[PDB]
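S.K.: My structure is below; once you've seen it, I'll send some questions.
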Amino acid sequence: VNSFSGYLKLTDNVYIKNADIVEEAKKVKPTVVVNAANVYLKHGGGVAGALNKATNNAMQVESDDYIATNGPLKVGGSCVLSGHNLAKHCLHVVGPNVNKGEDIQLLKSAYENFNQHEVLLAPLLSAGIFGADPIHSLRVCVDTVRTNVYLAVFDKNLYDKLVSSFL
Ligand SMILES: O=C1CC[C@@H](c2cccs2)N1Nc1ncnc2[nH]cc(I)c12
């Protein structure tokens with residue numbers, strides 16, 4: 001039993017909810033919140049901009065030190081950093097950004113990072129300003145993640161379409 005509330009169960013291990021991931025993280029304080037990161041960990045907009053804002057820019061400060069030491073992530077890759085006031089840990093995962101021409105096949109590799117964590121609160125990777133089809137992203141998530149994932153979908157209209165169209 002865990003503290004997530006109000007989720008629709010899609011499969012044995014995948015759950016979904018219309019919610020703001022920032023507000024969901026602040027309420028649940030999960031072990032892992034997933035960020036929709038880019039390879040430079042520049043958290044300017046979308047989910048990343050919102051999560052970083054909620055940490056009062058501490059996420060960005062930590063991230064800049066990480067990049068200075070380690071260099072950029074790979075598309076499809078991830079790193080574990082602090083969750084600050086939102087979670088114990090933040091798993092920064094880089095899905096392909098279609099608006100940059102990145103290969104959508106890398107979306108499966110991105111979701112594979114979730115399997116290193118027993119339970120996660122997460123957005124749909126590569127959705128929103130990353131330009132991929134959120135219905136497809138949900139399909140890849142369900143077919144790739146085997147650990148327990150709680151998906152937060154900010155847009156109510158999108159959430160209803162994802163549920164209604166889910167096979
Ligand atoms: O609703 C969706 C569907 C795809 C995804 C993205 C689209 C472009 C970049 S990410 N998204 N965003 C969010 N999901 C949950 N909480 C959130 N808080 C702030 C935001 I913005 C946000």
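Every chain in the structure tokens has a letter given in the order shown (A, B, ...), and although residue numbers restart at 1 in each chain, ligands are simply numbered from 1 in the order shown.
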Quick one: contact table of chain A to ligand 1, 9 Å max, nearest atom pair and distance in Å to one decimal per residue, counting only C-alpha atoms and all ligand atoms, chain and number order, as a tab-separated table?

M.R.:
residue	atom	partner	partner_atom_place_in_ligand_line	distance
A:18	CA	ligand 1	15 (C)	8.0
A:19	CA	ligand 1	15 (C)	6.2
A:20	CA	ligand 1	16 (N)	3.7
A:21	CA	ligand 1	16 (N)	3.7
A:22	CA	ligand 1	18 (N)	5.7
A:23	CA	ligand 1	16 (N)	8.0
A:24	CA	ligand 1	16 (N)	8.3
A:35	CA	ligand 1	10 (S)	8.9
A:36	CA	ligand 1	10 (S)	6.3
A:45	CA	ligand 1	21 (I)	7.1
A:46	CA	ligand 1	21 (I)	3.8
A:47	CA	ligand 1	20 (C)	4.2
A:48	CA	ligand 1	10 (S)	7.5
A:49	CA	ligand 1	19 (C)	7.8
A:50	CA	ligand 1	19 (C)	5.3
A:51	CA	ligand 1	18 (N)	7.3
A:122	CA	ligand 1	15 (C)	7.9
A:123	CA	ligand 1	14 (N)	5.3
A:124	CA	ligand 1	4 (C)	5.6
A:125	CA	ligand 1	4 (C)	7.2
A:126	CA	ligand 1	10 (S)	6.8
A:127	CA	ligand 1	4 (C)	3.9
A:128	CA	ligand 1	7 (C)	1.7
A:129	CA	ligand 1	8 (C)	3.4
A:130	CA	ligand 1	8 (C)	5.5
A:131	CA	ligand 1	8 (C)	7.1
A:132	CA	ligand 1	4 (C)	8.7
A:133	CA	ligand 1	4 (C)	8.8
A:134	CA	ligand 1	4 (C)	6.3
A:151	CA	ligand 1	15 (C)	8.1
A:152	CA	ligand 1	15 (C)	5.0
A:153	CA	ligand 1	1 (O)	4.1
A:154	CA	ligand 1	1 (O)	3.5
A:155	CA	ligand 1	1 (O)	4.6
A:156	CA	ligand 1	1 (O)	7.9
A:158	CA	ligand 1	3 (C)	7.0
A:159	CA	ligand 1	1 (O)	7.7

S.K.: Would you please give, as number ranges by chain, all residues of segment 60-157 of chain A that DSSP assigns to helix (DSSP H, G or I) based on the backbone?

M.R.: A: 60-70, 98-100, 106-116, 128-130, 134-144, 156-157

S.K.: Selection from above, C-alpha atoms, as a CSV table (one decimal), in the first residue's frame, can you write it?

M.R.:
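For reference, part_13.csv as written:
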chain,number,residue,atom,x,y,z
A,60,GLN,CA,18.9,24.2,-11.4
A,61,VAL,CA,21.9,25.0,-9.1
A,62,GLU,CA,22.4,21.3,-8.3
A,63,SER,CA,22.0,20.5,-12.0
A,64,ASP,CA,24.6,23.0,-13.1
A,65,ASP,CA,27.2,21.5,-10.8
A,66,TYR,CA,26.3,18.0,-12.1
A,67,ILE,CA,26.8,19.1,-15.7
A,68,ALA,CA,30.1,20.9,-14.9
A,69,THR,CA,31.4,17.7,-13.4
A,70,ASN,CA,29.9,15.0,-15.7
A,98,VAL,CA,10.7,15.9,-31.7
A,99,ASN,CA,11.0,19.6,-32.1
A,100,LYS,CA,14.8,19.0,-32.2
A,106,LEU,CA,14.8,6.5,-28.1
A,107,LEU,CA,11.6,6.9,-26.1
A,108,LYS,CA,11.7,3.2,-25.1
A,109,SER,CA,15.2,3.6,-23.9
A,110,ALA,CA,14.1,6.6,-21.8
A,111,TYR,CA,11.3,4.7,-20.1
A,112,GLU,CA,13.7,1.8,-19.3
A,113,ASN,CA,15.3,4.1,-16.7
A,114,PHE,CA,12.1,3.8,-14.7
A,115,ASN,CA,12.8,0.1,-14.1
A,116,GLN,CA,15.6,0.9,-11.8
A,128,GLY,CA,4.1,18.5,-24.1
A,129,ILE,CA,6.8,20.8,-25.5
A,130,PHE,CA,9.0,17.8,-26.5
A,134,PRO,CA,1.1,11.6,-25.8
A,135,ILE,CA,-1.0,8.6,-26.7
A,136,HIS,CA,2.1,6.9,-28.2
A,137,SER,CA,4.2,7.8,-25.1
A,138,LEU,CA,1.6,6.2,-22.9
A,139,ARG,CA,1.7,3.0,-25.0
A,140,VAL,CA,5.5,2.9,-24.8
A,141,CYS,CA,5.3,3.5,-21.0
A,142,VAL,CA,2.9,0.6,-20.5
A,143,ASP,CA,4.9,-1.7,-22.7
A,144,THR,CA,8.3,-0.8,-21.2
A,156,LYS,CA,-7.7,17.5,-18.2
A,157,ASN,CA,-8.7,17.3,-21.9

S.K.: Please report the interatomic distance between atom CA of residue 53 of chain A and atom CA of residue 104 of chain A in Å with one decimal.

M.R.: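 The value is 28.0 Å.
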
S.K.: Residues of segment 28-142 of chain A in strand (DSSP E) according to DSSP, as an mmCIF file with N, CA and C atoms, in the first residue's frame?

M.R.:
data_model
loop_
_atom_site.group_PDB
_atom_site.id
_atom_site.type_symbol
_atom_site.label_atom_id
_atom_site.label_comp_id
_atom_site.auth_asym_id
_atom_site.auth_seq_id
_atom_site.Cartn_x
_atom_site.Cartn_y
_atom_site.Cartn_z
ATOM 1 N N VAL A 32 10.607 8.907 -5.547
ATOM 2 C CA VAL A 32 11.153 9.347 -6.825
ATOM 3 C C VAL A 32 10.096 10.145 -7.579
ATOM 4 N N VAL A 33 10.434 11.379 -7.952
ATOM 5 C CA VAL A 33 9.708 12.115 -8.979
ATOM 6 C C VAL A 33 10.581 12.169 -10.225
ATOM 7 N N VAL A 34 9.965 11.923 -11.382
ATOM 8 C CA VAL A 34 10.655 11.980 -12.664
ATOM 9 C C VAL A 34 10.528 13.380 -13.250
ATOM 10 N N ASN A 35 11.653 13.929 -13.698
ATOM 11 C CA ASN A 35 11.670 15.157 -14.474
ATOM 12 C C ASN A 35 11.825 14.853 -15.954
ATOM 13 N N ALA A 36 11.091 15.617 -16.768
ATOM 14 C CA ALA A 36 11.231 15.646 -18.222
ATOM 15 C C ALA A 36 12.416 16.546 -18.567
ATOM 16 N N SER A 78 19.549 9.119 -18.168
ATOM 17 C CA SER A 78 19.018 9.683 -16.939
ATOM 18 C C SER A 78 20.134 9.877 -15.926
ATOM 19 N N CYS A 79 19.818 10.647 -14.890
ATOM 20 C CA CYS A 79 20.634 10.685 -13.687
ATOM 21 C C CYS A 79 19.723 10.893 -12.487
ATOM 22 N N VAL A 80 20.179 10.428 -11.329
ATOM 23 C CA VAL A 80 19.470 10.604 -10.066
ATOM 24 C C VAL A 80 20.094 11.770 -9.316
ATOM 25 N N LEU A 81 19.283 12.767 -8.990
ATOM 26 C CA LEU A 81 19.702 13.900 -8.182
ATOM 27 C C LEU A 81 18.721 14.054 -7.022
ATOM 28 N N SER A 82 18.913 15.103 -6.227
ATOM 29 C CA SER A 82 18.019 15.342 -5.108
ATOM 30 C C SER A 82 16.603 15.665 -5.583
ATOM 31 N N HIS A 89 14.202 11.775 -4.168
ATOM 32 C CA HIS A 89 15.072 11.834 -5.322
ATOM 33 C C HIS A 89 14.294 12.366 -6.512
ATOM 34 N N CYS A 90 15.016 13.004 -7.426
ATOM 35 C CA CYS A 90 14.502 13.303 -8.753
ATOM 36 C C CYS A 90 15.289 12.502 -9.777
ATOM 37 N N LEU A 91 14.577 11.688 -10.558
ATOM 38 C CA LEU A 91 15.157 10.985 -11.694
ATOM 39 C C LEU A 91 14.957 11.864 -12.922
ATOM 40 N N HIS A 92 16.038 12.492 -13.389
ATOM 41 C CA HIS A 92 16.005 13.327 -14.582
ATOM 42 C C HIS A 92 16.154 12.411 -15.781
ATOM 43 N N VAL A 93 15.109 12.308 -16.602
ATOM 44 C CA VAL A 93 15.093 11.404 -17.749
ATOM 45 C C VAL A 93 14.951 12.227 -19.019
ATOM 46 N N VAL A 119 8.990 2.385 -7.396
ATOM 47 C CA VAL A 119 7.795 3.220 -7.483
ATOM 48 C C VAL A 119 8.218 4.622 -7.905
ATOM 49 N N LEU A 120 7.468 5.221 -8.834
ATOM 50 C CA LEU A 120 7.785 6.559 -9.326
ATOM 51 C C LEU A 120 6.518 7.349 -9.603
ATOM 52 N N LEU A 121 6.596 8.661 -9.366
ATOM 53 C CA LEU A 121 5.647 9.645 -9.890
ATOM 54 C C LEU A 121 6.282 10.264 -11.129
ATOM 55 N N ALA A 122 5.547 10.330 -12.240
ATOM 56 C CA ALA A 122 6.189 10.697 -13.494
ATOM 57 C C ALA A 122 5.217 11.401 -14.427
#

S.K.: Which is closer to residue 148 of chain A than all the others in A:71, A:1, A:6, A:15, using only C-alpha atoms?

M.R.: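 Among the listed residues, the smallest separation from residue 148 of chain A belongs to A:15.
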
S.K.: Between atom CA of residue 149 of chain A and atom CA of residue 28 of chain A, measure the distance and give it in Å to one decimal.

M.R.: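 Atom CA of residue 149 of chain A sits 13.7 Å away from atom CA of residue 28 of chain A.
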
S.K.: From the set A:75, A:5, A:37, A:85, which residue has the shortest atom-to-atom contact distance to residue 57 of chain A, counting only C-alpha atoms?

M.R.: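 Answer, going by the shortest atom-to-atom distance: A:85.
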
S.K.: Excluding same-chain residues fewer than 2 positions from residue 163 of chain A, what lies within 10 Å of it counting only C-alpha atoms, as an MDAnalysis selection string?

M.R.: chainID A and resid 8:10 16:17 135 138 158:161 165:167

S.K.: May I ask which of the residues A:38, A:105, A:55, A:164 is the closest one to residue 26 of chain A, counting only C-alpha atoms?

M.R.: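 When distances to residue 26 of chain A are compared using only C-alpha atoms, the smallest one comes from A:55.
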
S.K.: From the set A:43, A:4, A:14, A:59, which residue has the shortest atom-to-atom contact distance to residue 84 of chain A, counting only C-alpha atoms?

M.R.: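 For residue 84 of chain A, the nearest of the candidates is A:59.
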
S.K.: To one decimal in Å, tell me the separation between atom CA of residue 41 of chain A and atom CA of residue 101 of chain A.

M.R.: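 So the answer is 18.4 Å.
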
S.K.: Taking only C-alpha atoms into account, which of A:52, A:2, A:147, A:97 comes nearest residue 39 of chain A?

M.R.: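 Nearest to residue 39 of chain A: A:97.
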